[PDB]
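Listing of input-v1.txt; format and content: compact mmCIF, C-alpha atoms (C1' of nucleotides).
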# COMPACT_ATOMS: atom_id res chain seq x y z
CA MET A 1 -19.65 18.42 -8.24
CA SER A 2 -17.71 20.01 -5.38
CA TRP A 3 -17.36 19.99 -1.60
CA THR A 4 -19.98 22.50 -0.46
CA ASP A 5 -20.51 23.35 3.20
CA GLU A 6 -23.62 21.20 2.98
CA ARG A 7 -21.91 18.24 1.33
CA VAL A 8 -19.16 18.39 3.93
CA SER A 9 -21.88 18.66 6.58
CA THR A 10 -23.49 15.51 5.21
CA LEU A 11 -20.08 13.83 5.12
CA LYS A 12 -19.45 14.78 8.74
CA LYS A 13 -22.69 13.23 9.99
CA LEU A 14 -22.43 9.92 8.16
CA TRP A 15 -18.75 9.22 8.86
CA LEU A 16 -19.49 9.75 12.54
CA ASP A 17 -22.57 7.55 12.22
CA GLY A 18 -20.14 4.76 11.37
CA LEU A 19 -21.11 4.12 7.76
CA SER A 20 -18.56 2.60 5.38
CA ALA A 21 -16.86 4.90 2.89
CA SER A 22 -18.63 3.23 -0.04
CA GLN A 23 -22.08 3.75 1.47
CA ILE A 24 -21.18 7.38 2.09
CA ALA A 25 -19.99 7.85 -1.48
CA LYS A 26 -23.25 6.29 -2.65
CA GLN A 27 -25.53 8.76 -0.87
CA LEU A 28 -23.51 11.88 -1.73
CA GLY A 29 -23.09 10.84 -5.35
CA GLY A 30 -20.62 11.96 -7.99
CA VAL A 31 -17.72 10.92 -5.78
CA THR A 32 -15.76 7.67 -5.45
CA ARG A 33 -15.20 6.15 -2.00
CA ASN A 34 -11.53 7.05 -2.44
CA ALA A 35 -12.34 10.77 -2.51
CA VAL A 36 -14.50 10.33 0.60
CA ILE A 37 -11.65 8.80 2.59
CA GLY A 38 -9.44 11.58 1.26
CA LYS A 39 -11.71 14.36 2.48
CA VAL A 40 -12.33 12.76 5.88
CA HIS A 41 -8.58 12.40 6.41
CA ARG A 42 -8.04 16.13 5.78
CA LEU A 43 -10.80 17.26 8.15
CA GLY A 44 -9.49 14.86 10.80
CA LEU A 45 -12.90 13.32 11.43
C1' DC B 1 -25.28 -3.26 3.49
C1' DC B 2 -17.80 -4.82 -0.81
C1' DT B 3 -11.73 -2.25 4.75
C1' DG B 4 -9.21 2.54 6.20
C1' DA B 5 -4.77 5.15 6.33
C1' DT B 6 -1.33 7.51 3.97
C1' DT B 7 1.35 8.73 0.12
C1' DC B 8 1.70 10.98 -4.59
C1' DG B 9 1.13 13.59 -8.73
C1' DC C 1 -6.98 20.70 -2.08
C1' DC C 2 -8.25 16.79 -4.79
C1' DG C 3 -8.70 11.88 -5.72
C1' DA C 4 -6.27 8.17 -7.56
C1' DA C 5 -2.78 4.83 -6.29
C1' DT C 6 -0.35 2.39 -2.51
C1' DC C 7 0.36 1.02 2.26
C1' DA C 8 -1.34 -1.21 6.15
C1' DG C 9 -3.80 -4.24 9.39
Re-express the file's structure as structure tokens.
Amino acid sequence: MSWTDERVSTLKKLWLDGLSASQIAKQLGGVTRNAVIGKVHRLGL
DNA sequence: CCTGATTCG
DNA sequence: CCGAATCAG
């Protein structure tokens, strides 16, 4: 499991949609909510 | 419909 | 860069 352009694309949409980090981690899968907050922070979303 | 931000290794 | 471990409201 890695951060593909698609998986980052999915992450972009949902974080902007206002979903909690745990819900986001749930849909993506194979990634803890910690890692989600980590990636968002780096992209400055 | 179970916090996010920021540091740390 | 990554995600766990802290920091912070």
Would you mind listing, for every residue of chain A within 9 Å of chain C, the two atoms forming the shortest contact and the distance between them in Å to one decimal, using all atoms listed in the file, sorted by chain and ascending residue number, as JSON lines?
{"residue": "A:32", "atom": "CA", "partner": "C:3", "partner_atom": "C1'", "distance": 8.2}
{"residue": "A:34", "atom": "CA", "partner": "C:3", "partner_atom": "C1'", "distance": 6.5}
{"residue": "A:35", "atom": "CA", "partner": "C:3", "partner_atom": "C1'", "distance": 5.0}
{"residue": "A:36", "atom": "CA", "partner": "C:3", "partner_atom": "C1'", "distance": 8.7}
{"residue": "A:38", "atom": "CA", "partner": "C:3", "partner_atom": "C1'", "distance": 7.0}
{"residue": "A:39", "atom": "CA", "partner": "C:2", "partner_atom": "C1'", "distance": 8.4}
Would you output that residue set with C-alpha atoms, as a tab-separated table (two decimals), keeping the file's coordinate frame?
chain	number	residue	atom	x	y	z
A	32	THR	CA	-15.76	7.67	-5.45
A	34	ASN	CA	-11.53	7.05	-2.44
A	35	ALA	CA	-12.34	10.77	-2.51
A	36	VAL	CA	-14.50	10.33	0.60
A	38	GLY	CA	-9.44	11.58	1.26
A	39	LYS	CA	-11.71	14.36	2.48
Taking only C-alpha atoms (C1' of nucleotides) into account, report as number ranges by chain which residues of chain B lie within 10 Å of chain A.
B: 1-6
Would you mind reading off the distance between CA of residue 9 (chain A) and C1' of residue 7 (chain B), one decimal, in Å?
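Between CA of residue 9 (chain A) and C1' of residue 7 (chain B) the gap works out to 26.1 Å.
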Rank A:2, A:10, A:17, A:27 by their smallest atom-to-atom distance to chain C, using all atoms listed in the file, and report the top residue only.
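Counting all atoms listed in the file, the residue closest to chain C is A:2.
Between CA of residue 6 (chain A) and CA of residue 25 (chain A) there is a distance of 14.5 Å.
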Pick from A:16, A:24, A:31, A:8, whichever lies nearest to chain C using all atoms listed in the file
A:31
Atomic separation - CA of residue 7 (chain A) relative to CA of residue 44 (chain A), Å:
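Calculated distance between CA of residue 44 (chain A) and CA of residue 7 (chain A) is 16.0 Å.
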Please supply region 7-29 of chain A, rebuilt with N, CA, C and O atoms, as a PDB file, in the frame of the given file.
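result08.pdb was written with the following content:
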ATOM      1  N   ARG A   7     -22.419  19.565   1.654  1.00  0.00           N
ATOM      2  CA  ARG A   7     -21.910  18.240   1.330  1.00  0.00           C
ATOM      3  C   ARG A   7     -20.871  17.781   2.341  1.00  0.00           C
ATOM      4  O   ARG A   7     -20.777  16.595   2.650  1.00  0.00           O
ATOM      5  N   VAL A   8     -20.098  18.721   2.874  1.00  0.00           N
ATOM      6  CA  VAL A   8     -19.160  18.390   3.930  1.00  0.00           C
ATOM      7  C   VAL A   8     -19.939  18.122   5.219  1.00  0.00           C
ATOM      8  O   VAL A   8     -19.575  17.246   6.004  1.00  0.00           O
ATOM      9  N   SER A   9     -21.024  18.865   5.420  1.00  0.00           N
ATOM     10  CA  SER A   9     -21.880  18.660   6.580  1.00  0.00           C
ATOM     11  C   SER A   9     -22.466  17.253   6.558  1.00  0.00           C
ATOM     12  O   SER A   9     -22.465  16.553   7.570  1.00  0.00           O
ATOM     13  N   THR A  10     -22.961  16.851   5.393  1.00  0.00           N
ATOM     14  CA  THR A  10     -23.490  15.510   5.210  1.00  0.00           C
ATOM     15  C   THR A  10     -22.399  14.474   5.469  1.00  0.00           C
ATOM     16  O   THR A  10     -22.630  13.475   6.144  1.00  0.00           O
ATOM     17  N   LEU A  11     -21.210  14.730   4.934  1.00  0.00           N
ATOM     18  CA  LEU A  11     -20.080  13.830   5.120  1.00  0.00           C
ATOM     19  C   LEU A  11     -19.736  13.685   6.596  1.00  0.00           C
ATOM     20  O   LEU A  11     -19.443  12.585   7.063  1.00  0.00           O
ATOM     21  N   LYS A  12     -19.770  14.798   7.323  1.00  0.00           N
ATOM     22  CA  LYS A  12     -19.450  14.780   8.740  1.00  0.00           C
ATOM     23  C   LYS A  12     -20.387  13.842   9.494  1.00  0.00           C
ATOM     24  O   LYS A  12     -19.938  12.982  10.252  1.00  0.00           O
ATOM     25  N   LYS A  13     -21.689  14.004   9.266  1.00  0.00           N
ATOM     26  CA  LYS A  13     -22.690  13.230   9.990  1.00  0.00           C
ATOM     27  C   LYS A  13     -22.528  11.731   9.772  1.00  0.00           C
ATOM     28  O   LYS A  13     -22.514  10.952  10.726  1.00  0.00           O
ATOM     29  N   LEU A  14     -22.398  11.335   8.512  1.00  0.00           N
ATOM     30  CA  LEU A  14     -22.430   9.920   8.160  1.00  0.00           C
ATOM     31  C   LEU A  14     -21.163   9.182   8.574  1.00  0.00           C
ATOM     32  O   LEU A  14     -21.236   8.034   9.020  1.00  0.00           O
ATOM     33  N   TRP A  15     -20.009   9.832   8.442  1.00  0.00           N
ATOM     34  CA  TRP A  15     -18.750   9.220   8.860  1.00  0.00           C
ATOM     35  C   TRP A  15     -18.754   8.971  10.362  1.00  0.00           C
ATOM     36  O   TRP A  15     -18.212   7.973  10.841  1.00  0.00           O
ATOM     37  N   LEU A  16     -19.372   9.887  11.098  1.00  0.00           N
ATOM     38  CA  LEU A  16     -19.490   9.750  12.540  1.00  0.00           C
ATOM     39  C   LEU A  16     -20.537   8.711  12.900  1.00  0.00           C
ATOM     40  O   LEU A  16     -20.449   8.063  13.941  1.00  0.00           O
ATOM     41  N   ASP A  17     -21.527   8.551  12.027  1.00  0.00           N
ATOM     42  CA  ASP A  17     -22.570   7.550  12.220  1.00  0.00           C
ATOM     43  C   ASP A  17     -22.018   6.138  12.062  1.00  0.00           C
ATOM     44  O   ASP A  17     -22.664   5.166  12.448  1.00  0.00           O
ATOM     45  N   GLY A  18     -20.825   6.033  11.484  1.00  0.00           N
ATOM     46  CA  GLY A  18     -20.140   4.760  11.370  1.00  0.00           C
ATOM     47  C   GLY A  18     -20.423   4.008  10.086  1.00  0.00           C
ATOM     48  O   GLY A  18     -20.243   2.792  10.018  1.00  0.00           O
ATOM     49  N   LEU A  19     -20.862   4.730   9.060  1.00  0.00           N
ATOM     50  CA  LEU A  19     -21.110   4.120   7.760  1.00  0.00           C
ATOM     51  C   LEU A  19     -19.810   3.936   6.987  1.00  0.00           C
ATOM     52  O   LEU A  19     -18.898   4.753   7.098  1.00  0.00           O
ATOM     53  N   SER A  20     -19.733   2.863   6.203  1.00  0.00           N
ATOM     54  CA  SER A  20     -18.560   2.600   5.380  1.00  0.00           C
ATOM     55  C   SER A  20     -18.388   3.680   4.332  1.00  0.00           C
ATOM     56  O   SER A  20     -19.347   4.354   3.973  1.00  0.00           O
ATOM     57  N   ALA A  21     -17.169   3.834   3.831  1.00  0.00           N
ATOM     58  CA  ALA A  21     -16.860   4.900   2.890  1.00  0.00           C
ATOM     59  C   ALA A  21     -17.629   4.744   1.576  1.00  0.00           C
ATOM     60  O   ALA A  21     -17.935   5.730   0.906  1.00  0.00           O
ATOM     61  N   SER A  22     -17.936   3.502   1.216  1.00  0.00           N
ATOM     62  CA  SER A  22     -18.630   3.230  -0.040  1.00  0.00           C
ATOM     63  C   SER A  22     -20.109   3.583   0.068  1.00  0.00           C
ATOM     64  O   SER A  22     -20.707   4.066  -0.896  1.00  0.00           O
ATOM     65  N   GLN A  23     -20.698   3.347   1.235  1.00  0.00           N
ATOM     66  CA  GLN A  23     -22.080   3.750   1.470  1.00  0.00           C
ATOM     67  C   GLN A  23     -22.199   5.266   1.441  1.00  0.00           C
ATOM     68  O   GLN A  23     -23.140   5.821   0.875  1.00  0.00           O
ATOM     69  N   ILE A  24     -21.229   5.931   2.058  1.00  0.00           N
ATOM     70  CA  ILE A  24     -21.180   7.380   2.090  1.00  0.00           C
ATOM     71  C   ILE A  24     -21.083   7.962   0.684  1.00  0.00           C
ATOM     72  O   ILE A  24     -21.825   8.875   0.322  1.00  0.00           O
ATOM     73  N   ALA A  25     -20.163   7.418  -0.104  1.00  0.00           N
ATOM     74  CA  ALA A  25     -19.990   7.850  -1.480  1.00  0.00           C
ATOM     75  C   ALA A  25     -21.272   7.662  -2.274  1.00  0.00           C
ATOM     76  O   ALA A  25     -21.592   8.465  -3.151  1.00  0.00           O
ATOM     77  N   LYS A  26     -22.010   6.604  -1.950  1.00  0.00           N
ATOM     78  CA  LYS A  26     -23.250   6.290  -2.650  1.00  0.00           C
ATOM     79  C   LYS A  26     -24.302   7.376  -2.443  1.00  0.00           C
ATOM     80  O   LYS A  26     -24.920   7.838  -3.401  1.00  0.00           O
ATOM     81  N   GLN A  27     -24.496   7.788  -1.193  1.00  0.00           N
ATOM     82  CA  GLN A  27     -25.530   8.760  -0.870  1.00  0.00           C
ATOM     83  C   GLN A  27     -25.202  10.152  -1.426  1.00  0.00           C
ATOM     84  O   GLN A  27     -26.056  10.806  -2.026  1.00  0.00           O
ATOM     85  N   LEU A  28     -23.966  10.594  -1.215  1.00  0.00           N
ATOM     86  CA  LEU A  28     -23.510  11.880  -1.730  1.00  0.00           C
ATOM     87  C   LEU A  28     -23.618  11.928  -3.245  1.00  0.00           C
ATOM     88  O   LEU A  28     -24.233  12.836  -3.805  1.00  0.00           O
ATOM     89  N   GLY A  29     -23.018  10.945  -3.905  1.00  0.00           N
ATOM     90  CA  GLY A  29     -23.090  10.840  -5.350  1.00  0.00           C
ATOM     91  C   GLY A  29     -22.084  11.717  -6.066  1.00  0.00           C
ATOM     92  O   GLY A  29     -21.749  12.803  -5.597  1.00  0.00           O
TER      93      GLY A  29
END
